[PDB]
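Participant: Enclosed are the sequence and the experimentally obtained structure.
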Amino acid sequence: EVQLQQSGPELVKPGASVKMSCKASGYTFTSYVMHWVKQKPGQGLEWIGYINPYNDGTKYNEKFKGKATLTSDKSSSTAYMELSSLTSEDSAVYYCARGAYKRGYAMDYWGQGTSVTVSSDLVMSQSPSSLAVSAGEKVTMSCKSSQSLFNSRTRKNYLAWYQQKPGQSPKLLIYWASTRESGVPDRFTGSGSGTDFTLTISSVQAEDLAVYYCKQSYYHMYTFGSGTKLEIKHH
């Protein structure tokens, strides 16, 4: 009668975050707390913490504070766990288990477990070295990597474009080669794929005086392009 059904297996990229489920049945969901145990492949069992459906209160194993986040939903008799900033050491099987007072606080029934697998020199050259352009003209900058920054898996290009104005800290303009950060004028448009990328400024303005850097960005490895200095001329 009692059953703990956990969500499917997850294959994720480092630094990512997952959130698994556990749907209870055959017992008053709020009458018993819900625990979460981690089991790294060959190794033993490790307690993460629990959630008390009745009052959404939770206790954590100190070690998982900042990693695991328990939570519940009385309406669907479901407990959730959310792993954040996934590292390789987060690859393991995660179980949800119901704790019972009438059972010496031991874990009555267990979920089947959810599998979480966290799994995945170079030259960045970009020109022109610099260029002066008349206010209003369209600007075009190039960036090329010795090896493709395209991930066929995720189907994304791991390239970013930073803008650095005189005496200021670099600012992020575009990521994933073509996504514009919030607060970045529509003028700026990143494009390209694999090896060759290009940052384009629709109609340059006086304020665009800066040096633009492209960077291949993937966890574990970051490479900055030589940068392109841009100055604005009158007209």
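Facilitator: Sure, I can see it. Numbers count the residues shown, from 1 in each chain.
Participant: wait, what's in contact with residue 6?
Facilitator: Counting by Cβ atoms under 8 Å, 6 or more residues apart in numbering, residue 6 makes contact with 20-22, 94-96, 111-114. Heads up, the C-betas are built off the backbone N, CA and C, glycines and all.
Participant: so residue 52 sits right up against residue 35, yeah?
Facilitator: No: contact criterion Cβ atoms under 8 Å: residue 52 and residue 35 do not qualify, at 10.6 Å.
Participant: Counting neighbours around each, name which of those two comes out higher.
Facilitator: More neighbours surround residue 35 than the other of residue 52 and residue 35, with 23 against 16 (other Cβ atoms under 10 Å).
Participant: so what's the more buried one bridging to?
Facilitator: Residue 35 has these beta-bridge partners by DSSP bridges: residue 50, residue 97.
Participant: tell me the contacts of it?
Facilitator: Residue 35 makes contact with 47-50, 96-99, 107, according to Cβ under 8 Å, 6+ apart.
Participant: Kindly state the domain boundaries assigned to the protein.
Facilitator: Using curated CATH domains, the domains assigned to the chain come out as 1-121, 122-235.
Participant: so what's the residue lying closest to residue 112 once chain neighbours are set aside bridging to?
Facilitator: Distances taken as Cβ to Cβ, 6 or more residues apart in numbering place residue 6 nearest to residue 112, at 5.6 Å, with adjacent residues excluded. Under the criterion DSSP bridges, residue 6 forms beta bridges with residue 22.
Participant: With residue 160 as the reference, measure out to residue 6.
Facilitator: Taking Cβ to Cβ, to the nearest Å as the measure, residue 6 and residue 160 are separated by 36 Å.
Participant: State the distance from residue 153 to residue 13.
Facilitator: From residue 153 to residue 13 the distance is 8 Å (Cβ to Cβ).
Participant: Out of those two, name the residue with the larger neighbour count.
Facilitator: Per other Cβ under 10 Å, whichever of residue 153 and residue 13 has more neighbours is residue 13, with 15 against 9.
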